[PDB]
$ cat protein-v4.txt   # compact mmCIF, C-alpha atoms and all ligand atoms
# COMPACT_ATOMS: atom_id res chain seq x y z
CA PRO T 17 4.85 14.91 -24.00
CA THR T 18 4.47 12.81 -20.78
CA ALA T 19 0.90 11.44 -21.10
CA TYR T 20 0.51 9.71 -17.72
CA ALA T 21 2.64 9.18 -14.61
CA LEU T 22 2.24 7.48 -11.26
CA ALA T 23 4.42 7.42 -8.17
CA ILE T 24 4.82 5.22 -5.08
CA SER T 25 6.00 6.11 -1.59
CA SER T 26 6.61 4.19 1.60
CA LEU T 27 5.08 5.77 4.76
CA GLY T 28 6.60 3.14 7.09
CA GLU T 29 4.94 1.02 9.76
CA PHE T 30 2.02 1.84 12.13
CA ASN T 31 0.38 0.12 15.15
CA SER T 32 -3.13 0.42 13.58
CA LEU T 33 -4.75 -0.17 10.20
CA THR T 34 -5.85 3.46 10.21
CA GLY T 35 -4.86 6.36 12.51
CA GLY T 36 -2.98 5.16 15.61
CA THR T 37 0.75 5.81 15.96
CA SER T 38 3.97 4.91 14.04
CA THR T 39 5.99 1.84 15.05
CA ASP T 40 9.20 -0.08 14.10
CA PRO T 41 10.85 -1.81 15.75
CA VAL T 42 8.09 -4.43 16.39
CA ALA T 43 8.18 -7.21 19.01
CA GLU T 44 7.68 -10.73 17.60
CA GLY T 45 4.10 -11.83 18.31
CA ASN T 46 2.50 -8.39 17.68
CA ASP T 47 0.63 -7.22 14.60
CA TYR T 48 1.78 -4.13 12.75
CA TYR T 49 0.81 -2.37 9.48
CA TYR T 50 2.75 -1.22 6.39
CA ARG T 51 1.40 1.85 4.54
CA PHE T 52 2.15 2.80 0.94
CA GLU T 53 0.80 5.52 -1.26
CA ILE T 54 0.14 5.41 -5.00
CA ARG T 55 0.00 8.93 -6.38
CA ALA T 56 -1.46 9.96 -9.78
CA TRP T 57 0.48 12.78 -11.51
CA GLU T 58 -1.59 16.06 -11.58
CA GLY T 59 -0.53 16.53 -15.27
CA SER T 60 -1.80 13.06 -16.38
CA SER T 61 -3.77 13.16 -19.72
CA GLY T 62 -6.81 11.60 -17.95
CA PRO T 63 -7.73 9.18 -15.12
CA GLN T 64 -5.65 6.01 -14.71
CA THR T 65 -7.12 2.51 -14.68
CA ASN T 66 -6.08 -0.78 -13.14
CA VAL T 67 -4.04 0.98 -10.45
CA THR T 68 -2.41 -2.02 -8.74
CA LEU T 69 -0.18 -2.48 -5.66
CA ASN T 70 1.97 -5.64 -5.53
CA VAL T 71 3.82 -6.23 -2.23
CA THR T 72 6.14 -9.19 -1.77
CA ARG T 73 8.33 -10.16 1.16
CA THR T 74 11.98 -9.94 0.05
CA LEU T 75 13.81 -10.77 3.33
CA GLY T 76 13.04 -12.02 6.86
CA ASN T 77 10.21 -13.93 8.46
CA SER T 78 7.25 -11.55 9.09
CA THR T 79 3.97 -12.45 7.28
CA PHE T 80 1.02 -10.58 5.80
CA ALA T 81 -1.81 -11.33 8.15
CA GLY T 82 -5.35 -12.70 7.83
CA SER T 83 -7.43 -13.95 4.87
CA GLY T 84 -7.70 -10.62 2.98
CA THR T 85 -10.63 -8.93 4.76
CA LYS T 86 -10.96 -5.24 3.94
CA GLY T 87 -11.04 -3.12 7.09
CA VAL T 88 -9.13 -5.78 9.13
CA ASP T 89 -6.22 -7.16 7.09
CA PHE T 90 -5.96 -4.28 4.62
CA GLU T 91 -7.47 -0.88 3.89
CA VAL T 92 -7.54 1.27 0.74
CA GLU T 93 -8.23 4.98 1.27
CA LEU T 94 -8.73 7.64 -1.38
CA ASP T 95 -7.65 11.31 -1.11
CA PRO T 96 -9.61 12.55 -4.13
CA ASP T 97 -7.71 15.87 -4.44
CA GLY T 98 -4.33 14.47 -3.38
CA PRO T 99 -1.95 16.98 -1.77
CA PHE T 100 -3.48 19.72 -3.96
CA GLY T 101 -6.70 20.08 -1.92
CA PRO T 102 -8.12 19.76 1.59
CA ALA T 103 -10.11 16.54 1.14
CA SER T 104 -8.83 13.86 3.53
CA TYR T 105 -8.23 10.14 3.05
CA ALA T 106 -11.41 8.05 3.42
CA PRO T 107 -11.81 4.26 3.03
CA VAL T 108 -13.14 3.32 -0.42
CA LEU T 109 -16.10 0.98 -0.91
CA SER T 110 -15.38 -2.73 -0.69
CA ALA T 111 -16.63 -3.11 -4.30
CA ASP T 112 -13.89 -0.64 -5.36
CA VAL T 113 -11.03 -3.03 -4.49
CA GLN T 114 -10.23 -6.38 -6.11
CA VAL T 115 -8.03 -8.65 -3.97
CA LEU T 116 -5.89 -10.26 -6.70
CA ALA T 117 -3.75 -12.15 -4.14
CA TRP T 118 -3.59 -12.36 -0.35
CA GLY T 119 -1.04 -14.57 1.29
CA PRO T 120 1.69 -14.49 3.98
CA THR T 121 4.52 -13.53 1.51
CA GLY T 122 2.61 -11.61 -1.21
CA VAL T 123 -0.45 -9.39 -1.53
CA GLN T 124 -1.91 -7.74 -4.65
CA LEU T 125 -4.66 -5.12 -4.51
CA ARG T 126 -6.32 -3.46 -7.52
CA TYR T 127 -8.31 -0.22 -7.41
CA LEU T 128 -11.23 -0.69 -9.86
CA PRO T 129 -12.43 2.93 -10.23
CA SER T 130 -10.29 5.22 -12.33
CA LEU T 131 -7.88 7.49 -10.39
CA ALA T 132 -8.10 11.18 -11.23
CA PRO T 133 -4.98 13.23 -12.05
CA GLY T 134 -3.53 14.38 -8.68
CA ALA T 135 -5.52 11.91 -6.56
CA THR T 136 -3.72 9.50 -4.18
CA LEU T 137 -4.46 6.06 -2.68
CA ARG T 138 -3.18 4.90 0.68
CA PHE T 139 -2.81 1.12 1.19
CA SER T 140 -2.47 -0.28 4.73
CA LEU T 141 -1.43 -3.91 5.15
CA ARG T 142 -1.55 -5.94 8.37
CA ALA T 143 1.47 -8.10 9.19
CA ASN T 144 2.58 -10.56 11.92
CA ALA T 145 6.03 -9.68 13.34
CA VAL T 146 8.31 -12.73 13.30
CA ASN T 147 12.12 -13.04 14.07
CA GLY T 148 15.23 -11.07 15.13
CA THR T 149 16.12 -10.90 11.34
CA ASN T 150 14.76 -7.73 9.68
CA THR T 151 11.70 -8.06 7.42
CA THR T 152 12.01 -6.22 4.05
CA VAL T 153 9.04 -5.87 1.65
CA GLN T 154 9.03 -4.73 -1.97
CA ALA T 155 6.06 -2.60 -3.08
CA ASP T 156 5.39 -2.10 -6.82
CA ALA T 157 2.81 0.35 -8.27
CA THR T 158 1.44 0.02 -11.84
CA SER T 159 -1.45 1.29 -13.92
CA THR T 160 -2.60 0.65 -17.48
CA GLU T 161 -1.57 4.10 -18.76
CA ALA T 162 1.65 4.79 -16.73
CA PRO T 163 5.05 3.34 -17.71
CA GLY T 164 5.45 1.41 -14.43
CA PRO T 165 6.40 -0.34 -12.32
CA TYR T 166 7.48 2.09 -9.57
CA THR T 167 9.15 0.24 -6.69
CA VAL T 168 10.16 0.89 -3.05
CA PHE T 169 11.51 -1.32 -0.28
CA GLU T 170 10.51 -0.85 3.38
CA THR T 171 12.26 -2.65 6.26
CA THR T 172 11.02 -3.53 9.76
CA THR T 173 13.25 -4.37 12.71
CA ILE T 174 11.78 -7.37 14.61
CA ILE T 175 12.66 -8.01 18.25
CA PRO T 176 12.74 -11.77 19.09
CA CA G 1 -6.37 16.07 -0.12
CA CA G 2 10.60 0.67 8.77
$ encode --input "protein-v4.txt" --output "structure tokens" --more "lines below"
Ligand SMILES: [Ca+2]
Ligand SMILES: [Ca+2]
Amino acid sequence: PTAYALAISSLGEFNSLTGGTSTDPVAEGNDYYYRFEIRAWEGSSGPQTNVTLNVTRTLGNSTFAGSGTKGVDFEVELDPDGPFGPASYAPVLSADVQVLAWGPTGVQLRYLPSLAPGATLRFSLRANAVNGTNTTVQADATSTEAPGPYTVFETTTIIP
């Protein structure tokens, strides 16, 4: 059988850490936010542990912003019933996220609680728009139990 599975999705760029409106292109000198989801398979043989997002800049000049402050530079939200129920995304406790790395060209965030089958996490990441070269970021999802990584690339058009 398939014991455990995870998935990743890009949701594109937004003008706010939470809520707000979509964006892209972005004018150089403005902040913007990437969002990614990590999604636990509903058929998983149990909760998944060490669910980790690794995002690296692959092309262009934009930078992950700030020092790594939850609620300013990044946010992790949990939808405990995923798409399968009406519960909405809500920010998780600060203690529930370990910032493994936070720098201008790479960020790594680990969810410390276990992630129930079907549940999803939404990661929002603040960035500084820089260039008229596009910025492309690589986002990798892994967990202990799932045969990761699962990778996407999202691209932002920067106006000089
Ligand atoms: Ca839900
Ligand atoms: Ca985009």
$ residues_around --input "protein-v4.txt" --residues "residue 70 of chain T" --least-positions-apart "6" --cutoff "10 Å" --atoms "all atoms listed in the file" --output "NGL selection string"
:T and (116-117 or 122-126 or 154-158 or 165 or 167)
$ write_last_selection --input "protein-v4.txt" --atoms "C-alpha atoms" --output "short mmCIF file (atom, residue, chain, number, x, y, z; two decimals), in the coordinates of the input"
data_model
loop_
_atom_site.label_atom_id
_atom_site.label_comp_id
_atom_site.auth_asym_id
_atom_site.auth_seq_id
_atom_site.Cartn_x
_atom_site.Cartn_y
_atom_site.Cartn_z
CA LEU T 116 -5.89 -10.26 -6.70
CA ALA T 117 -3.75 -12.15 -4.14
CA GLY T 122 2.61 -11.61 -1.21
CA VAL T 123 -0.45 -9.39 -1.53
CA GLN T 124 -1.91 -7.74 -4.65
CA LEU T 125 -4.66 -5.12 -4.51
CA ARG T 126 -6.32 -3.46 -7.52
CA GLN T 154 9.03 -4.73 -1.97
CA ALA T 155 6.06 -2.60 -3.08
CA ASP T 156 5.39 -2.10 -6.82
CA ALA T 157 2.81 0.35 -8.27
CA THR T 158 1.44 0.02 -11.84
CA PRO T 165 6.40 -0.34 -12.32
CA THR T 167 9.15 0.24 -6.69
#
$ closest_residue --input "protein-v4.txt" --among "T:20, T:127, T:50, T:57" --to "residue 100 of chain T" --atoms "only C-alpha atoms"
T:57
$ residues_near_ligand --input "protein-v4.txt" --ligand "ligand CA 2 (chain G)" --cutoff "7 Å" --atoms "all atoms listed in the file" --output "list in words"
residues 28, 29, 40, 170, 171, 172 and 173 of chain T
$ closest_residue --input "protein-v4.txt" --among "T:143, T:98, T:132, T:81" --to "residue 60 of chain T" --atoms "only C-alpha atoms"
T:132
$ residues_near_ligand --input "protein-v4.txt" --ligand "ligand CA 1 (chain G)" --cutoff "6 Å" --atoms "only C-alpha atoms and all ligand atoms" --output "short mmCIF file (atom, residue, chain, number, x, y, z; two decimals) with C-alpha atoms, in the coordinates of the input"
data_model
loop_
_atom_site.label_atom_id
_atom_site.label_comp_id
_atom_site.auth_asym_id
_atom_site.auth_seq_id
_atom_site.Cartn_x
_atom_site.Cartn_y
_atom_site.Cartn_z
CA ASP T 95 -7.65 11.31 -1.11
CA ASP T 97 -7.71 15.87 -4.44
CA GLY T 98 -4.33 14.47 -3.38
CA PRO T 99 -1.95 16.98 -1.77
CA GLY T 101 -6.70 20.08 -1.92
CA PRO T 102 -8.12 19.76 1.59
CA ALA T 103 -10.11 16.54 1.14
CA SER T 104 -8.83 13.86 3.53
#
$ closest_residue --input "protein-v4.txt" --among "T:35, T:59, T:84, T:76" --to "residue 115 of chain T" --atoms "only C-alpha atoms"
T:84
